[PDB]
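Worksheet for the structure shown next.
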Amino acid sequence: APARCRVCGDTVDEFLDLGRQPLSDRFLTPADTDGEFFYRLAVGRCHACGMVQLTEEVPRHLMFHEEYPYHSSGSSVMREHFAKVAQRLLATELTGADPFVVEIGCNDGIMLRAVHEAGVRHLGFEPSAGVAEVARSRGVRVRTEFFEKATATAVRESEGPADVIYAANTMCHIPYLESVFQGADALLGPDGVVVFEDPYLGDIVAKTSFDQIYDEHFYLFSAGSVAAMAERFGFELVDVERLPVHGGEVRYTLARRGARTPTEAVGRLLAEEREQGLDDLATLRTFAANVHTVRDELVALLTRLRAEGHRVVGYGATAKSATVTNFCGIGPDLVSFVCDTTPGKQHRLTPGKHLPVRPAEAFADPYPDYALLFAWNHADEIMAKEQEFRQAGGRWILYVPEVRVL
Amino acid sequence: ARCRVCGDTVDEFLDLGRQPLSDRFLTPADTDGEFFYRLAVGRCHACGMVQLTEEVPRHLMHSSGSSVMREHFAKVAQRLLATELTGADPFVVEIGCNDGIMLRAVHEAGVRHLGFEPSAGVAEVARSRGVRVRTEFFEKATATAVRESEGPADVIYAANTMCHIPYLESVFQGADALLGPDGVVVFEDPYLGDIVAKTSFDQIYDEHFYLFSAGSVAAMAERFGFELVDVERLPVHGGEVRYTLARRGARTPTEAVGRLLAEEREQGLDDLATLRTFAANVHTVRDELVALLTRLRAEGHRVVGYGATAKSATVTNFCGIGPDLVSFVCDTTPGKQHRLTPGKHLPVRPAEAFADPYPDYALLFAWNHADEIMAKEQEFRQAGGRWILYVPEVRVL
Ligand SMILES: Nc1ncnc2c1ncn2[C@@H]1O[C@H](CSCC[C@H](N)C(=O)O)[C@@H](O)[C@H]1O
Ligand SMILES: Nc1ncnc2c1ncn2[C@@H]1O[C@H](CSCC[C@H](N)C(=O)O)[C@@H](O)[C@H]1O
Ligand SMILES: Cc1cn([C@H]2C[C@H](O)[C@@H](COP(=O)(O)O)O2)c(=O)[nH]c1=O
Ligand SMILES: Cc1cn([C@H]2C[C@H](O)[C@@H](COP(=O)(O)O)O2)c(=O)[nH]c1=O
Ligand SMILES: [Mg+2]
Ligand SMILES: [Mg+2]
Ligand SMILES: [Mg+2]
Ligand SMILES: [Zn+2]
Ligand SMILES: [Zn+2]
């Protein structure tokens with residue numbers, strides 16, 4: 001039995017096998033290492049509805065729990081981004097004298113804080129307690145529960161209809177989309193929409209950014225697959241917008257079928273996907289081959305540098321990096337440690353390959369010869385600020401969209 | 001009508017009539033001197049450069065006030081630092097640094113730099129941030145002297161400045177003297193493709209002498225011995241492109257350059273007929289806007305303008321929109337408050353005046369900031385107020 005599609009039930013053709021992987025966000029102490037969870041990370045395309053998806057679901061409680069370490073507000077580019085998201089929704093998707101904004105996955109409340117500060121009624125759903133708490137400390141209302149049909153329906157009954165349900169980097173995390181969209185159907189008001197933004201399949205294929213494939217990214221959405229999924233659930237894809245964040249995303253707007261006229265952007269992006277051949281399983285096999293080439297070149301490079309007696313360190317202990325280190329077999333012999341600004345990631349070992357994580361100050365004591373940039377979506381900001389590294393002769397190693405030394 | 005780049009003949013395709021200076025806001029008792037010029041635009045048939053047909057005398061003509069641009073220029077500085085200012089002792093020069101937001105980031109990274117900014121007031125603001133500034137125009141002579149005193153530059157950068165300078169040959173001769181071996185000129189300005197696609201004719205006003213495209217920039221570069229080697233679309237200021245020019249043969253154009261030139265072929269942007277279609281669309285916008293405002297006044301509704309943009313002068317004057325059609329314009333800029341807008345003399349009032357009381361319609365001149373403005377005016381929406389937009393077409397929201 002190959003996979004069955006989690007949207008429509010039909011058969012999924014697997015095209016990339018990334019091997020045995022840990023949970024991306026589970027950093028370890030030495031005592032945890034024997035007990036570490038692993039699963040098989042592989043990606044396939046449903047031949048009927050085109051949805052690209054992982055072939056095994058990781059249980060949601062293992063990934064989303066009290067001590068989930070990713071706080072959205074750590075990143076300044078994302079603070080700016082979500083302020084603008086709040087402005088967009090406030091400007092375009094509110095009706096009447098008491099509108100209501102709901103967010104799935106509001107994390108530390110980055111976006112909804114602005115909605116609150118504008119005096120608009122709102123509610124977040126965030127089952128991870130630690131981040132929920134920080135959101136709450138900013139004045140956001142947050143239910144520490146998973147958004148799904150039942151929870152959404154109950155909120156319709158207490159809080160009334162929602163003008164918009166927004167989700168960033170959350171919808172692709174949720175295999176149970178039918179239940180989310182049943183929820184949305186119950187909760188949304190008459191001109192209500194679901195607006196969600198996630199890592200875009202088109203960007204992943206174009207950039208060979210395979211580190212975007214990890215436990216929390218169950219779906220790799222495209223406009224083609226979203227339009228088909230919406231239809232199945234009695235919704236309709238009515239707007240799309242490309243965003244540059246997180247290595248390349250699309251924001252999808254779904255309305256109940258018939259309620260709105262799809263914008264011209266929708267057809268334009270579909271034509272782009274057709275140009276890219278995104279829906280041809282062959283294009284996806286070519287991507288899988290390019291992934292294997294990146295692995296080969298990156299391991300060869302790190303292996304040479306090790307042989308030359310150079311010091312190589314990683315920069316940014318990203319969630320994505322677990323896929324790289326584990327798929328490529330990169331341990332401490334090839335990358336001595338990883339520098340990271342996140343207090344809870346520091347003084348722990350990275351998932352699966354157990355690279356020690358050190359604070360960002362450790363980068364300078366002394367500077368290494370090479371820095372492997374896992375935090376590649378922040379390349380300009382990082383490379384610009386680390387002047388002394390470059391003055392000491394330091395070189396950057398990048399692996400997106402290909403392996404190169406800068 | 002002669003091309004300011006190559007000297008060949010320029011074919012006019014849009015005449016926006018008599019216009020004032022776009023930032024010459026009048027006190028109520030000096031509306032008698034008022035300067036007007038003829039604002040029109042043409043394409044050089046030889047090099048393709050799109051440009052105003054009459055230059056506004058330069059003698060008659062604060063970046064960090066906008067949060068969006070402060071954020072943008074932080075990122076520009078990081079881009080330049082990360083990618084072009086590598087080597088032992090690099091040097092970035094900026095043409096038109098204004099209050100120095102961008103170069104402040106360069107200075108704080110410890111990188112040698114120099115801004116050119118002939119406006120003394122902003123130049124001093126830039127100095128107060130630690131930016132090294134010369135209160136001079138960048139041109140062949142001044143650039144050459146900088147080469148002598150400071151050595152070669154890795155980058156010469158300009159934002160919203162190159163398109164204001166008719167004398168580009170002098171700028172590029174300057175860059176040729178001043179740049180190092182692998183040096184580049186990087187400039188970003190409002191993009192002709194976006195103006196045509198959006199019918200955003202309010203981008204056409206005294207300060208914007210050129211409406212650059214990849215095609216016209218490639219031809220200009222080659223004329224001056226440079227080469228278009230990179231491009232990047234930017235969303236700021238209603239749609240821009242950042243062009244990267246290297247000395248001919250020094251670098252290999254990126255795949256982006258080709259892709260943008262393909263977009264321009266798809267758009268037909270180098271066919272005068274396409275530019276005529278744009279002109280016809282501009283006339284339609286005028287017709288539809290004036291018809292709407294006329295009807296709304298006839299229906300007894302109250303209409304206020306929102307944001308006294310420099311660009312808005314083009315709109316009010318071309319469309320003949322005076323205070324009978326729009327009562328005043330609210331604006332957050334102190335230097336503009338309590339003055340009359342150029343040419344059509346719309347009164348300008350602080351933001352607080354919008355809610356005293358709320359009008360029935362608000363005509364959005366600051367259309368680049370639609371979300372930010374509409375998001376913050378919640379009570380206006382709750383009270384049934386509606387927004388009138390004219391980009392990319394006339395409509396009520
Ligand atoms: N079914 C569900 N309902 C609500 N939130 C969920 C969920 N499943 C996962 N989440 C939350 O979704 C978030 C993924 S991380 C993305 C956070 C934030 N939206 C941002 O874009 O930066 C986590 O905070 C996780 O706890
Ligand atoms: N030849 C020249 N050299 C240097 N600066 C010039 C110039 N001609 C005009 N300027 C300056 O260029 C600026 C154009 S306005 C744009 C300012 C800023 N770069 C921004 O993007 O916001 C003004 O500050 C003006 O004084
Ligand atoms: C921008 C930036 C991020 N980081 C780290 C913080 C996060 O753990 C990580 C970004 O990855 P994330 O996308 O998993 O949040 O990189 C740094 O260490 N230094 C930096 O300058
Ligand atoms: C963003 C914003 C701008 N404005 C004004 C300020 C400036 O005069 C003008 C912006 O024009 P500019 O883009 O030509 O600088 O609009 C407001 O009045 N309110 C606002 O909320
Ligand atoms: Mg296997
Ligand atoms: Mg329909
Ligand atoms: Mg530092
Ligand atoms: Zn399917
Ligand atoms: Zn010419």
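Ordering of the structure tokens sets the chain letters (A, B, ...); residue numbers start at 1 within each chain; ligands are numbered from 1 in the order shown.
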
Which chains and residue numbers are within 6 Å of ligand 2, counting only C-alpha atoms and all ligand atoms, if I want them as a PyMOL selection string?
chain B and resi 63+95-98+116-119+137-138+159-161

Identify, counting only C-alpha atoms and all ligand atoms, the protein, DNA and RNA residues located within 9 Å of ligand 7, and give them as a ChimeraX atom specification.
/A:361,385-388 /B:109

Export, as an mmCIF file, in the first residue's frame, the selected residues with N, CA and C atoms.
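Okay, this is what ended up in part16.cif:
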data_model
loop_
_atom_site.group_PDB
_atom_site.id
_atom_site.type_symbol
_atom_site.label_atom_id
_atom_site.label_comp_id
_atom_site.auth_asym_id
_atom_site.auth_seq_id
_atom_site.Cartn_x
_atom_site.Cartn_y
_atom_site.Cartn_z
ATOM 1 N N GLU A 361 27.113 34.734 20.917
ATOM 2 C CA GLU A 361 28.432 35.248 21.312
ATOM 3 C C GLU A 361 29.581 34.266 21.052
ATOM 4 N N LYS A 385 25.692 41.962 9.329
ATOM 5 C CA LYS A 385 26.120 42.266 10.690
ATOM 6 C C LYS A 385 27.416 41.614 11.160
ATOM 7 N N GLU A 386 27.757 40.433 10.657
ATOM 8 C CA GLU A 386 28.968 39.708 11.054
ATOM 9 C C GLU A 386 30.232 40.176 10.286
ATOM 10 N N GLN A 387 30.572 41.458 10.456
ATOM 11 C CA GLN A 387 31.697 42.093 9.745
ATOM 12 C C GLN A 387 33.047 41.553 10.200
ATOM 13 N N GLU A 388 33.204 41.336 11.508
ATOM 14 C CA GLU A 388 34.489 40.908 12.062
ATOM 15 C C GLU A 388 34.841 39.498 11.575
ATOM 16 N N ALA B 109 27.853 49.397 10.779
ATOM 17 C CA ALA B 109 28.572 48.180 10.475
ATOM 18 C C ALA B 109 30.074 48.395 10.306
#

What residues in chain A lie within 6 Å of chain B, counting only C-alpha atoms, written as JSON, numbers by chain?
{"A": [87, 88, 90, 91, 96, 97, 380, 381, 383, 384]}

Residues within 7 Å of ligand 3, counting only C-alpha atoms and all ligand atoms, as a PyMOL selection string
chain A and resi 70+75+315-320+339-342+360+375+378+381-382

Do you know which residues are at most 8 Å from residue A:57 counting only C-alpha atoms, after dropping those on the same chain fewer than 5 positions away, and could you put them as a ChimeraX atom specification?
/A:175,215,218

May I have the residues from that selection written out with N, CA, C and O atoms, as a PDB file, in the first residue's frame?
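So the final result, stored in part-v3.pdb, reads:
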ATOM      1  N   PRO A 175      -2.965  18.059   9.182  1.00  0.00           N
ATOM      2  CA  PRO A 175      -3.459  17.095   8.183  1.00  0.00           C
ATOM      3  C   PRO A 175      -4.964  17.042   7.978  1.00  0.00           C
ATOM      4  O   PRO A 175      -5.436  16.788   6.864  1.00  0.00           O
ATOM      5  N   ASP A 215       8.764  17.725   9.899  1.00  0.00           N
ATOM      6  CA  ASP A 215       7.571  17.241  10.559  1.00  0.00           C
ATOM      7  C   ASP A 215       6.353  18.176  10.579  1.00  0.00           C
ATOM      8  O   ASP A 215       5.201  17.717  10.352  1.00  0.00           O
ATOM      9  N   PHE A 218       3.317  19.384   6.842  1.00  0.00           N
ATOM     10  CA  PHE A 218       2.670  18.189   6.314  1.00  0.00           C
ATOM     11  C   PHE A 218       2.274  18.367   4.847  1.00  0.00           C
ATOM     12  O   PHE A 218       2.447  17.453   4.020  1.00  0.00           O
TER      13      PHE A 218
END

Within 7 Å of ligand 6, which residues show up when you count only C-alpha atoms and all ligand atoms? List them as a VMD selection string, please.
chain A and resid 257 to 261

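Among A:376, A:367, A:396, A:327, the residue with the shortest atom-to-atom distance to residue A:213, counting only C-alpha atoms, is A:327.
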
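With only C-alpha atoms and all ligand atoms counted, the chains near ligand 4 contribute these residues within 8 Å: residues 66, 237, 306, 307, 308, 309, 310, 311, 330, 331, 332, 333, 336, 350, 351, 365, 366, 368, 369, 370, 372, 373 and 376 of chain B.
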
Give the residue list for ligand 8 at 8 Å, counting only C-alpha atoms and all ligand atoms, as a PyMOL selection string, sorted by chain and then by residue number.
chain A and resi 4-12+45-51

Set the distance at 12 Å and use only C-alpha atoms: which residues neighbour residue A:79 once local chain neighbours fewer than 3 positions away are removed? I'd like the list as a PyMOL selection string.
(chain A and resi 71-76+82-86+108-114+245) or (chain B and resi 71)

Any residue with an atom at most 8 Å from ligand 5 counts, using only C-alpha atoms and all ligand atoms. Which are they? Put them as a VMD selection string.
chain A and resid 17 to 20 40 42

Any chance you could export the current selection's N, CA and C atoms as an mmCIF file, in the first residue's frame?
data_model
loop_
_atom_site.group_PDB
_atom_site.id
_atom_site.type_symbol
_atom_site.label_atom_id
_atom_site.label_comp_id
_atom_site.auth_asym_id
_atom_site.auth_seq_id
_atom_site.Cartn_x
_atom_site.Cartn_y
_atom_site.Cartn_z
ATOM 1 N N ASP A 17 12.395 10.683 -0.505
ATOM 2 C CA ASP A 17 12.495 9.945 0.765
ATOM 3 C C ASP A 17 13.664 10.591 1.497
ATOM 4 N N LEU A 18 13.376 11.269 2.599
ATOM 5 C CA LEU A 18 14.391 11.983 3.360
ATOM 6 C C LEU A 18 14.843 11.189 4.572
ATOM 7 N N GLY A 19 14.413 9.935 4.641
ATOM 8 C CA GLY A 19 14.964 9.060 5.665
ATOM 9 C C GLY A 19 14.388 9.218 7.052
ATOM 10 N N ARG A 20 15.099 8.638 8.005
ATOM 11 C CA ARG A 20 14.692 8.662 9.373
ATOM 12 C C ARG A 20 15.046 10.038 9.961
ATOM 13 N N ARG A 40 9.706 8.230 9.598
ATOM 14 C CA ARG A 40 10.191 8.293 8.235
ATOM 15 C C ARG A 40 9.598 9.491 7.490
ATOM 16 N N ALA A 42 9.055 11.310 4.186
ATOM 17 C CA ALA A 42 8.983 11.155 2.745
ATOM 18 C C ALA A 42 7.818 11.960 2.209
#
